[PDB]
>>> print(open('work_27.tsv').read())   # TSV, C-alpha atoms and all ligand atoms
chain	number	residue	atom	x	y	z
A	12	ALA	CA	18.23	-66.70	-53.01
A	13	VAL	CA	15.95	-63.65	-53.09
A	14	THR	CA	17.31	-60.83	-55.25
A	15	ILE	CA	14.26	-58.59	-55.87
A	16	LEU	CA	14.40	-55.31	-53.97
A	17	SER	CA	11.53	-53.30	-52.49
A	18	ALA	CA	10.64	-49.71	-53.34
A	19	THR	CA	11.82	-48.12	-50.09
A	20	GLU	CA	15.18	-49.86	-50.54
A	21	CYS	CA	15.45	-48.95	-54.23
A	22	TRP	CA	14.97	-45.21	-53.66
A	23	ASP	CA	17.58	-45.09	-50.89
A	24	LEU	CA	20.17	-47.08	-52.84
A	25	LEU	CA	19.88	-44.49	-55.62
A	26	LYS	CA	20.94	-41.85	-53.08
A	27	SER	CA	24.24	-43.67	-52.40
A	28	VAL	CA	25.36	-42.89	-55.97
A	29	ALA	CA	25.61	-39.63	-57.92
A	30	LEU	CA	25.67	-40.92	-61.52
A	31	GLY	CA	23.03	-42.69	-63.61
A	32	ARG	CA	21.82	-43.04	-67.19
A	33	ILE	CA	18.72	-41.92	-69.06
A	34	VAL	CA	17.72	-44.32	-71.86
A	35	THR	CA	15.37	-43.07	-74.60
A	36	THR	CA	13.85	-45.22	-77.32
A	37	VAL	CA	12.28	-44.61	-80.74
A	38	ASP	CA	10.94	-47.65	-82.65
A	39	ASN	CA	14.03	-49.89	-82.62
A	40	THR	CA	16.77	-47.30	-81.97
A	41	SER	CA	17.69	-46.34	-78.40
A	42	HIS	CA	20.06	-43.81	-76.85
A	43	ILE	CA	21.68	-43.64	-73.42
A	44	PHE	CA	22.60	-40.42	-71.59
A	45	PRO	CA	24.77	-40.42	-68.45
A	46	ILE	CA	23.46	-37.82	-65.99
A	47	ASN	CA	24.27	-36.53	-62.53
A	48	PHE	CA	21.13	-36.97	-60.44
A	49	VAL	CA	19.61	-36.62	-56.98
A	50	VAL	CA	16.51	-38.33	-55.58
A	51	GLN	CA	13.71	-36.12	-54.23
A	52	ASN	CA	10.48	-37.70	-52.92
A	53	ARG	CA	10.49	-40.66	-55.31
A	54	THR	CA	11.57	-38.56	-58.30
A	55	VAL	CA	14.85	-38.46	-60.21
A	56	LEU	CA	15.96	-34.82	-60.49
A	57	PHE	CA	18.73	-33.83	-62.90
A	58	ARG	CA	19.72	-30.72	-64.84
A	59	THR	CA	20.01	-30.66	-68.62
A	60	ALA	CA	22.10	-28.52	-70.97
A	61	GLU	CA	20.20	-26.44	-73.50
A	62	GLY	CA	20.15	-27.44	-77.16
A	63	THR	CA	21.38	-30.97	-76.47
A	64	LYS	CA	19.76	-34.16	-77.70
A	65	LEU	CA	18.98	-35.20	-74.12
A	66	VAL	CA	16.42	-32.38	-73.95
A	67	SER	CA	14.74	-33.41	-77.20
A	68	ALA	CA	14.86	-37.18	-76.67
A	69	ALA	CA	13.66	-37.25	-73.05
A	70	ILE	CA	11.30	-34.37	-72.25
A	71	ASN	CA	7.63	-35.42	-72.27
A	72	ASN	CA	8.65	-38.90	-73.44
A	73	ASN	CA	8.78	-42.30	-71.79
A	74	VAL	CA	12.32	-42.86	-70.50
A	75	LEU	CA	14.38	-45.34	-68.52
A	76	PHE	CA	16.59	-44.40	-65.58
A	77	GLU	CA	19.28	-46.69	-64.23
A	78	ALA	CA	21.92	-46.52	-61.51
A	79	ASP	CA	24.00	-49.18	-59.80
A	80	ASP	CA	26.96	-49.94	-57.54
A	81	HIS	CA	28.94	-52.99	-56.51
A	82	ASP	CA	31.75	-54.40	-54.40
A	83	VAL	CA	33.78	-57.61	-54.66
A	84	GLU	CA	31.03	-59.51	-52.80
A	85	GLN	CA	27.73	-58.17	-54.14
A	86	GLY	CA	26.20	-55.55	-56.39
A	87	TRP	CA	22.83	-53.88	-56.79
A	88	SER	CA	21.00	-52.02	-59.54
A	89	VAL	CA	17.83	-49.93	-59.72
A	90	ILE	CA	15.73	-49.19	-62.81
A	91	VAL	CA	13.02	-46.52	-62.94
A	92	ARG	CA	10.49	-46.53	-65.77
A	93	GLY	CA	8.77	-43.18	-66.10
A	94	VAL	CA	8.40	-39.87	-67.93
A	95	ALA	CA	10.81	-36.94	-68.11
A	96	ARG	CA	9.02	-33.71	-67.13
A	97	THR	CA	10.43	-30.21	-67.18
A	98	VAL	CA	10.38	-28.57	-63.75
A	99	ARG	CA	8.05	-25.64	-64.48
A	100	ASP	CA	6.06	-25.11	-61.26
A	101	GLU	CA	7.06	-22.63	-58.55
A	102	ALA	CA	7.00	-25.27	-55.81
A	103	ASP	CA	8.63	-27.82	-58.12
A	104	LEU	CA	11.36	-25.27	-58.86
A	105	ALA	CA	11.94	-24.37	-55.20
A	106	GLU	CA	12.37	-28.04	-54.32
A	107	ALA	CA	14.82	-28.59	-57.18
A	108	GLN	CA	16.93	-25.68	-55.92
A	109	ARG	CA	17.41	-27.43	-52.56
A	110	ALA	CA	19.24	-30.23	-54.40
A	111	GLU	CA	22.93	-30.88	-53.71
A	112	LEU	CA	23.90	-31.62	-57.30
A	113	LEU	CA	27.48	-31.68	-58.54
A	114	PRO	CA	28.79	-28.15	-59.40
A	120	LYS	CA	19.34	-20.20	-67.18
A	121	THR	CA	19.63	-24.00	-67.05
A	122	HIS	CA	16.61	-26.29	-66.95
A	123	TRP	CA	15.64	-28.82	-64.28
A	124	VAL	CA	14.10	-32.16	-65.25
A	125	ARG	CA	12.38	-34.87	-63.19
A	126	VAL	CA	11.81	-38.54	-64.01
A	127	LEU	CA	8.34	-39.25	-62.64
A	128	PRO	CA	8.13	-43.00	-61.97
A	129	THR	CA	5.49	-45.37	-63.22
A	130	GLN	CA	7.52	-48.27	-61.80
A	131	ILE	CA	10.82	-48.79	-59.97
A	132	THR	CA	12.62	-52.13	-59.65
A	133	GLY	CA	15.83	-53.34	-58.08
A	134	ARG	CA	18.03	-56.42	-58.13
A	135	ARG	CA	20.96	-57.55	-56.01
A	136	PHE	CA	23.63	-59.65	-57.71
A	137	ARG	CA	25.94	-62.08	-55.93
A	138	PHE	CA	29.60	-62.56	-56.87
B	14	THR	CA	35.25	-33.03	-75.09
B	15	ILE	CA	35.03	-35.81	-77.68
B	16	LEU	CA	37.19	-38.84	-76.87
B	17	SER	CA	39.23	-40.88	-79.33
B	18	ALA	CA	38.92	-44.64	-79.66
B	19	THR	CA	42.19	-45.33	-77.82
B	20	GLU	CA	41.01	-43.35	-74.79
B	21	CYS	CA	37.61	-45.06	-74.72
B	22	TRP	CA	38.91	-48.64	-74.81
B	23	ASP	CA	41.33	-47.88	-71.97
B	24	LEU	CA	38.82	-45.86	-69.93
B	25	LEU	CA	36.57	-48.93	-70.11
B	26	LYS	CA	39.35	-50.96	-68.46
B	27	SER	CA	39.26	-48.66	-65.41
B	28	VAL	CA	35.81	-49.89	-64.22
B	29	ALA	CA	34.33	-53.37	-63.80
B	30	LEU	CA	30.58	-52.63	-64.06
B	31	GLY	CA	28.75	-51.65	-67.25
B	32	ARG	CA	25.30	-52.00	-68.80
B	33	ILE	CA	23.89	-53.78	-71.85
B	34	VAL	CA	20.95	-51.92	-73.42
B	35	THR	CA	18.65	-53.90	-75.72
B	36	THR	CA	15.80	-52.54	-77.83
B	37	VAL	CA	12.63	-54.16	-79.22
B	38	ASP	CA	9.77	-52.10	-80.69
B	39	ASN	CA	9.93	-48.76	-78.86
B	40	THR	CA	10.73	-50.44	-75.52
B	41	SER	CA	14.25	-50.79	-74.13
B	42	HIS	CA	15.70	-53.01	-71.44
B	43	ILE	CA	18.96	-52.48	-69.58
B	44	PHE	CA	21.17	-55.18	-68.03
B	45	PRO	CA	24.05	-54.31	-65.68
B	46	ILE	CA	26.93	-56.68	-66.41
B	47	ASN	CA	30.37	-57.37	-65.02
B	48	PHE	CA	32.77	-57.03	-67.95
B	49	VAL	CA	36.37	-56.82	-69.10
B	50	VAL	CA	37.83	-55.43	-72.32
B	51	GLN	CA	39.75	-57.84	-74.58
B	52	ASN	CA	41.19	-56.64	-77.91
B	53	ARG	CA	38.57	-53.94	-78.52
B	54	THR	CA	35.75	-56.28	-77.47
B	55	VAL	CA	33.49	-56.22	-74.42
B	56	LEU	CA	33.60	-59.63	-72.75
B	57	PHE	CA	31.08	-60.79	-70.16
B	58	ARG	CA	29.47	-63.95	-68.82
B	59	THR	CA	25.77	-64.72	-69.05
B	60	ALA	CA	23.55	-66.69	-66.68
B	61	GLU	CA	21.52	-69.41	-68.35
B	62	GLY	CA	17.74	-69.23	-68.62
B	63	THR	CA	18.09	-65.47	-68.05
B	64	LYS	CA	16.38	-62.82	-70.15
B	65	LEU	CA	19.74	-61.19	-70.96
B	66	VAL	CA	20.44	-64.30	-73.06
B	67	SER	CA	17.30	-63.96	-75.17
B	68	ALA	CA	17.49	-60.16	-75.37
B	69	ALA	CA	21.14	-59.41	-76.19
B	70	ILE	CA	22.79	-62.43	-77.83
B	71	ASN	CA	22.86	-62.21	-81.65
B	72	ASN	CA	21.06	-58.83	-81.52
B	73	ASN	CA	22.25	-55.25	-81.81
B	74	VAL	CA	23.04	-53.95	-78.32
B	75	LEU	CA	24.31	-50.84	-76.59
B	76	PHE	CA	27.10	-51.12	-74.04
B	77	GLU	CA	27.87	-48.26	-71.68
B	78	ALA	CA	30.17	-47.66	-68.73
B	79	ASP	CA	31.17	-44.46	-66.95
B	80	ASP	CA	32.94	-42.99	-63.92
B	81	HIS	CA	33.36	-39.62	-62.23
B	82	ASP	CA	34.95	-37.68	-59.41
B	83	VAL	CA	33.79	-34.44	-57.77
B	84	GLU	CA	35.05	-32.32	-60.66
B	85	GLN	CA	34.68	-34.29	-63.91
B	86	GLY	CA	33.47	-37.55	-65.39
B	87	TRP	CA	33.56	-39.63	-68.56
B	88	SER	CA	31.41	-42.20	-70.32
B	89	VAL	CA	31.88	-44.65	-73.19
B	90	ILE	CA	29.13	-46.11	-75.39
B	91	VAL	CA	29.74	-49.13	-77.63
B	92	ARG	CA	27.31	-50.00	-80.42
B	93	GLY	CA	27.79	-53.54	-81.63
B	94	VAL	CA	26.52	-57.10	-81.82
B	95	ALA	CA	26.60	-59.63	-78.98
B	96	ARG	CA	28.05	-62.97	-80.09
B	97	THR	CA	28.72	-66.02	-77.97
B	98	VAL	CA	32.23	-67.46	-77.71
B	99	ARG	CA	32.20	-70.60	-79.89
B	100	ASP	CA	35.86	-71.16	-80.68
B	101	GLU	CA	38.90	-72.70	-79.02
B	102	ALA	CA	41.04	-69.59	-79.55
B	103	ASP	CA	38.20	-67.29	-78.45
B	104	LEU	CA	37.43	-69.59	-75.51
B	105	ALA	CA	41.07	-69.65	-74.38
B	106	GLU	CA	41.23	-65.84	-74.46
B	107	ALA	CA	37.98	-65.51	-72.48
B	108	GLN	CA	39.24	-67.78	-69.69
B	109	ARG	CA	42.26	-65.55	-68.98
B	110	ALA	CA	39.89	-62.64	-68.30
B	111	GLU	CA	40.05	-60.82	-64.96
B	112	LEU	CA	36.31	-61.08	-64.27
B	113	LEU	CA	34.62	-61.24	-60.89
B	114	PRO	CA	33.73	-64.85	-60.03
B	115	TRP	CA	30.19	-65.77	-59.16
B	116	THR	CA	28.37	-68.75	-57.58
B	117	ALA	CA	28.59	-72.54	-57.75
B	118	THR	CA	27.28	-72.71	-61.31
B	119	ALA	CA	30.35	-73.80	-63.23
B	120	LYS	CA	28.06	-73.29	-66.22
B	121	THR	CA	29.80	-70.89	-68.57
B	122	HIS	CA	28.32	-68.79	-71.38
B	123	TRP	CA	30.87	-66.30	-72.68
B	124	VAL	CA	29.54	-63.41	-74.77
B	125	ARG	CA	31.43	-60.60	-76.51
B	126	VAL	CA	30.07	-57.29	-77.77
B	127	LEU	CA	31.81	-56.95	-81.13
B	128	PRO	CA	31.93	-53.19	-81.66
B	129	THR	CA	30.52	-51.46	-84.72
B	130	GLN	CA	31.12	-48.02	-83.17
B	131	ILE	CA	32.66	-46.67	-79.96
B	132	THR	CA	32.32	-43.09	-78.71
B	133	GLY	CA	33.25	-41.30	-75.51
B	134	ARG	CA	32.66	-37.97	-73.80
B	135	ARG	CA	34.22	-35.99	-70.98
B	136	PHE	CA	31.85	-33.89	-68.85
B	137	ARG	CA	32.61	-31.17	-66.31
B	138	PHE	CA	29.50	-29.85	-64.49
B	139	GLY	CA	30.32	-26.13	-64.55
C	201	LIG	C1	29.97	-38.35	-66.72
C	201	LIG	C2	28.94	-37.60	-67.53
C	201	LIG	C3	27.95	-36.88	-66.87
C	201	LIG	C4	26.98	-36.17	-67.59
C	201	LIG	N1	26.01	-35.48	-66.88
C	201	LIG	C5	25.12	-34.82	-67.57
C	201	LIG	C6	24.10	-34.09	-66.84
C	201	LIG	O1	23.99	-34.03	-65.61
C	201	LIG	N2	23.20	-33.42	-67.65
C	201	LIG	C7	23.21	-33.41	-69.03
C	201	LIG	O2	22.33	-32.77	-69.62
C	201	LIG	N3	24.17	-34.10	-69.71
C	201	LIG	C8	25.07	-34.76	-69.01
C	201	LIG	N4	26.04	-35.45	-69.69
C	201	LIG	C9	26.01	-35.44	-71.15
C	201	LIG	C10	25.00	-36.43	-71.73
C	201	LIG	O3	25.20	-37.72	-71.16
C	201	LIG	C11	25.19	-36.51	-73.25
C	201	LIG	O4	26.58	-36.55	-73.54
C	201	LIG	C12	24.54	-35.36	-74.02
C	201	LIG	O5	23.19	-35.19	-73.58
C	201	LIG	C13	24.59	-35.58	-75.51
C	201	LIG	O6	24.07	-34.40	-76.18
C	201	LIG	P1	24.57	-33.99	-77.61
C	201	LIG	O7	23.58	-33.12	-78.28
C	201	LIG	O8	25.99	-33.43	-77.50
C	201	LIG	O9	24.66	-35.38	-78.36
C	201	LIG	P2	25.11	-35.58	-79.86
C	201	LIG	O10	26.34	-34.80	-80.14
C	201	LIG	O11	23.90	-35.25	-80.75
C	201	LIG	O12	25.39	-37.13	-79.93
C	201	LIG	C14	26.03	-37.73	-81.08
C	201	LIG	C15	26.49	-39.12	-80.70
C	201	LIG	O13	27.54	-39.02	-79.72
C	201	LIG	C16	27.50	-40.14	-78.85
C	201	LIG	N5	27.45	-39.66	-77.47
C	201	LIG	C17	26.76	-38.58	-76.99
C	201	LIG	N6	26.89	-38.39	-75.70
C	201	LIG	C18	27.72	-39.43	-75.30
C	201	LIG	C19	28.25	-39.79	-74.05
C	201	LIG	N7	28.01	-39.13	-72.92
C	201	LIG	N8	29.06	-40.88	-74.01
C	201	LIG	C20	29.31	-41.54	-75.14
C	201	LIG	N9	28.86	-41.29	-76.37
C	201	LIG	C21	28.07	-40.21	-76.39
C	201	LIG	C22	26.29	-40.99	-79.25
C	201	LIG	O14	26.68	-42.12	-80.02
C	201	LIG	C23	25.44	-40.01	-80.06
C	201	LIG	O15	24.65	-40.67	-81.04
C	201	LIG	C24	27.02	-36.19	-68.99
C	201	LIG	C25	28.02	-36.90	-69.65
C	201	LIG	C26	28.98	-37.61	-68.93
C	201	LIG	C27	30.04	-38.36	-69.68
C	202	LIG	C1	25.44	-55.35	-60.25
C	202	LIG	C2	24.86	-56.41	-61.16
C	202	LIG	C3	25.71	-57.12	-62.00
C	202	LIG	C4	25.22	-58.11	-62.85
C	202	LIG	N1	26.10	-58.80	-63.66
C	202	LIG	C5	25.62	-59.72	-64.45
C	202	LIG	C6	26.55	-60.43	-65.31
C	202	LIG	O1	27.76	-60.26	-65.37
C	202	LIG	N2	25.95	-61.39	-66.11
C	202	LIG	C7	24.59	-61.69	-66.14
C	202	LIG	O2	24.20	-62.57	-66.91
C	202	LIG	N3	23.73	-61.01	-65.33
C	202	LIG	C8	24.23	-60.07	-64.54
C	202	LIG	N4	23.37	-59.38	-63.72
C	202	LIG	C9	21.94	-59.71	-63.78
C	202	LIG	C10	21.26	-59.19	-65.04
C	202	LIG	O3	20.84	-57.84	-64.85
C	202	LIG	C11	20.05	-60.07	-65.35
C	202	LIG	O4	20.19	-60.65	-66.65
C	202	LIG	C12	18.73	-59.31	-65.28
C	202	LIG	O5	18.43	-59.13	-63.90
C	202	LIG	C13	17.60	-60.00	-66.02
C	202	LIG	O6	17.43	-61.33	-65.49
C	202	LIG	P1	16.01	-62.02	-65.46
C	202	LIG	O7	15.76	-62.81	-66.69
C	202	LIG	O8	15.86	-62.81	-64.15
C	202	LIG	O9	15.02	-60.78	-65.40
C	202	LIG	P2	13.46	-60.79	-65.65
C	202	LIG	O10	12.79	-61.69	-64.67
C	202	LIG	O11	13.22	-61.13	-67.13
C	202	LIG	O12	13.10	-59.28	-65.41
C	202	LIG	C14	11.74	-58.85	-65.19
C	202	LIG	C15	11.77	-57.39	-64.81
C	202	LIG	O13	12.64	-57.21	-63.67
C	202	LIG	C16	13.27	-55.94	-63.74
C	202	LIG	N5	14.71	-56.13	-63.65
C	202	LIG	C17	15.45	-57.13	-64.23
C	202	LIG	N6	16.73	-57.04	-63.99
C	202	LIG	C18	16.85	-55.90	-63.21
C	202	LIG	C19	17.96	-55.26	-62.63
C	202	LIG	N7	19.21	-55.69	-62.74
C	202	LIG	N8	17.72	-54.14	-61.90
C	202	LIG	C20	16.47	-53.71	-61.78
C	202	LIG	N9	15.35	-54.22	-62.28
C	202	LIG	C21	15.61	-55.33	-63.00
C	202	LIG	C22	12.83	-55.27	-65.05
C	202	LIG	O14	11.83	-54.29	-64.81
C	202	LIG	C23	12.33	-56.46	-65.88
C	202	LIG	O15	11.32	-56.07	-66.81
C	202	LIG	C24	23.84	-58.38	-62.85
C	202	LIG	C25	22.99	-57.67	-62.02
C	202	LIG	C26	23.49	-56.68	-61.17
C	202	LIG	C27	22.54	-55.93	-60.27
C	203	CL	CL	-0.25	-24.56	-65.65
>>> encode(input="work_27.tsv", output="structure tokens")
Amino acid sequence: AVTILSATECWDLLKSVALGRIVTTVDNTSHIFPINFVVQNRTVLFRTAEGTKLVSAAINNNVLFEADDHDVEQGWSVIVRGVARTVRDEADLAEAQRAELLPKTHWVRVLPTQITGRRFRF
Amino acid sequence: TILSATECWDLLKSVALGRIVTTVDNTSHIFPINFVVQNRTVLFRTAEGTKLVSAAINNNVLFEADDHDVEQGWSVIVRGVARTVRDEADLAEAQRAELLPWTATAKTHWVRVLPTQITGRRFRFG
């Protein structure tokens, strides 16, 4: 049947889950970084630890974001292609502070150039 | 906290959903897959005519799976090669696997991620 998901459904499915992965890529070598994230107005907000390779690999680079969930009947997944941008604006920073993330430190947003979703049938 | 190999391979057995990550010329793709662990290998089934087939099989792939509660979480990353199951012993082991069933296609295409490296981390959020 139909398994392609729409944008409004993709962004809300991402909010049902607290854990996703950043995927960075250089030439033919890629890295994956599990992150705790929240969705804010079609952006993927997460917080990054200083001096870690996630900061260097992602910030101001093209990245992949992925999150998924499943039950015994069906599963879904959402992929965001975009760019990781440091939260550096006053209004950007105030919005990031309203985020109910899991319990100095830098905020980062994945700004989407495309978002896609699939549902998988078991 | 860095995790040993024996913790990673067991932690992988605690969850049924992981992701294959394939890479070609500065552009990655990611494929969520239902999987089980069999003798330090990552077993999964592939749907025919799918892009996962062309992208992962016989190429170097990343495999990742994770989990978390309110306090802490973990993740495991496997670097290896995806190879199809082409052997009566391998085939017999793959058919005992506790994998989620899907659809009326009795078409089977067993693939294993043969690990070249496995690593794991524990994370706290503090
Ligand atoms: C459940 C969970 C949630 C996390 N949430 C966040 C978050 O919200 N924000 C954040 O900034 N970071 C988070 N992390 C950490 C992040 O995913 C990476 O572990 C980290 O960015 C790696 O930085 P590093 O400099 O220590 O890597 P390095 O030490 O330079 O990495 C060396 C090698 O270790 C391996 N490795 C590194 N990290 C992992 C990993 N997580 N799992 C498996 N192998 C790994 C890779 O093979 C890598 O090549 C989380 C990790 C986990 C497990
Ligand atoms: C929960 C879950 C479990 C799955 N388990 C398995 C499994 O065990 N075995 C298996 O063979 N397949 C599994 N799949 C499907 C697997 O991800 C497909 O191989 C993948 O969708 C690519 O198939 P395709 O050739 O039709 O994609 P294409 O048509 O080649 O993809 C075109 C574009 O669609 C987008 N896209 C593709 N797949 C996804 C996705 N999953 N989420 C978001 N965007 C996507 C990408 O942007 C991609 O560039 C699962 C999917 C989900 C959601
Ligand atoms: Cl400015």
>>> residues_near_ligand(input="work_27.tsv", ligand="ligand LIG 201 (chain C)", cutoff="9 Å", atoms="all atoms listed in the file", output="number ranges by chain")
A: 30-33, 42-48, 57-67, 112-113; B: 15-16, 77-82, 85-92, 130-138
>>> closest_atom_pairs(input="work_27.tsv", of="chain B", to="chain A", cutoff="8 Å", atoms="only C-alpha atoms", output="CSV")
residue,atom,partner,partner_atom,distance
B:30,CA,A:81,CA,7.7
B:36,CA,A:39,CA,5.8
B:37,CA,A:39,CA,5.6
B:38,CA,A:38,CA,5.0
B:39,CA,A:38,CA,4.1
B:40,CA,A:36,CA,6.3
B:41,CA,A:36,CA,6.4
B:43,CA,A:77,CA,7.9
B:45,CA,A:88,CA,7.2
B:77,CA,A:43,CA,7.9
B:79,CA,A:45,CA,7.7
B:80,CA,A:30,CA,7.9
B:81,CA,A:30,CA,7.8
B:83,CA,A:113,CA,6.9
B:84,CA,A:114,CA,7.6
B:88,CA,A:45,CA,7.1
B:113,CA,A:138,CA,6.6
B:114,CA,A:138,CA,5.7
B:115,CA,A:138,CA,4.0
B:116,CA,A:138,CA,6.4
B:138,CA,A:114,CA,5.4
B:139,CA,A:114,CA,5.7
>>> residues_near_point(input="work_27.tsv", point="(20.7, -41.3, -54.2)", cutoff="9 Å", atoms="all atoms listed in the file", output="ChimeraX atom specification")
/A:22-30,48-51,55
>>> residues_near_ligand(input="work_27.tsv", ligand="ligand CL 203 (chain C)", cutoff="12 Å", atoms="only C-alpha atoms and all ligand atoms", output="PyMOL selection string")
chain A and resi 98-101
>>> closest_residue(input="work_27.tsv", among="A:69, A:16, A:127, A:122", to="residue A:104", atoms="only C-alpha atoms")
A:122
>>> axis_aligned_box(input="work_27.tsv", around="stretch 106-117 of chain B", padding_each_side="6 Å", output="AutoDock Vina command-line options")
--center_x 35.3 --center_y -66.7 --center_z -66.0 --size_x 25.9 --size_y 23.7 --size_z 28.9
>>> closest_residue(input="work_27.tsv", among="A:13, A:102, A:56, A:94", to="ligand LIG 202 (chain C)", atoms="only C-alpha atoms and all ligand atoms")
A:13
>>> closest_residue(input="work_27.tsv", among="B:21, B:74, B:46, B:29", to="ligand LIG 202 (chain C)", atoms="only C-alpha atoms and all ligand atoms")
B:46
>>> atom_distance(input="work_27.tsv", atom1="atom CA of residue A:125", atom2="atom CA of residue A:97")
6.4 Å
>>> closest_residue(input="work_27.tsv", among="B:121, B:108, B:17, B:71", to="ligand LIG 202 (chain C)", atoms="all atoms listed in the file")
B:121
>>> atom_distance(input="work_27.tsv", atom1="atom CA of residue B:127", atom2="atom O1 of ligand LIG 202 (chain C)")
16.6 Å
>>> atom_distance(input="work_27.tsv", atom1="atom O12 of ligand LIG 202 (chain C)", atom2="atom CA of residue B:53")
29.1 Å
>>> residues_around(input="work_27.tsv", residues="residue B:54", least_positions_apart="5", cutoff="9 Å", atoms="all atoms listed in the file", output="PDB file with C-alpha atoms, in the coordinates of the input")
ATOM      1  CA  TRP B  22      38.910 -48.640 -74.810  1.00  0.00           C
ATOM      2  CA  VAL B  49      36.370 -56.820 -69.100  1.00  0.00           C
ATOM      3  CA  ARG B 125      31.430 -60.600 -76.510  1.00  0.00           C
ATOM      4  CA  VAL B 126      30.070 -57.290 -77.770  1.00  0.00           C
ATOM      5  CA  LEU B 127      31.810 -56.950 -81.130  1.00  0.00           C
ATOM      6  CA  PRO B 128      31.930 -53.190 -81.660  1.00  0.00           C
TER       7      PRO B 128
END
>>> closest_atom_pairs(input="work_27.tsv", of="chain B", to="ligand LIG 202 (chain C)", cutoff="8 Å", atoms="only C-alpha atoms and all ligand atoms", output="tab-separated table")
residue	atom	partner	partner_atom	distance
B:30	CA	C:LIG202	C3	6.9
B:42	CA	C:LIG202	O15	7.1
B:43	CA	C:LIG202	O3	7.4
B:44	CA	C:LIG202	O3	4.2
B:45	CA	C:LIG202	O3	4.8
B:46	CA	C:LIG202	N1	3.6
B:47	CA	C:LIG202	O1	3.9
B:48	CA	C:LIG202	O1	6.5
B:57	CA	C:LIG202	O1	5.9
B:58	CA	C:LIG202	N2	5.1
B:59	CA	C:LIG202	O2	3.4
B:60	CA	C:LIG202	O2	4.2
B:61	CA	C:LIG202	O2	7.5
B:62	CA	C:LIG202	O7	7.0
B:63	CA	C:LIG202	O7	3.8
B:64	CA	C:LIG202	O7	3.5
B:65	CA	C:LIG202	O4	4.4
B:66	CA	C:LIG202	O4	7.4
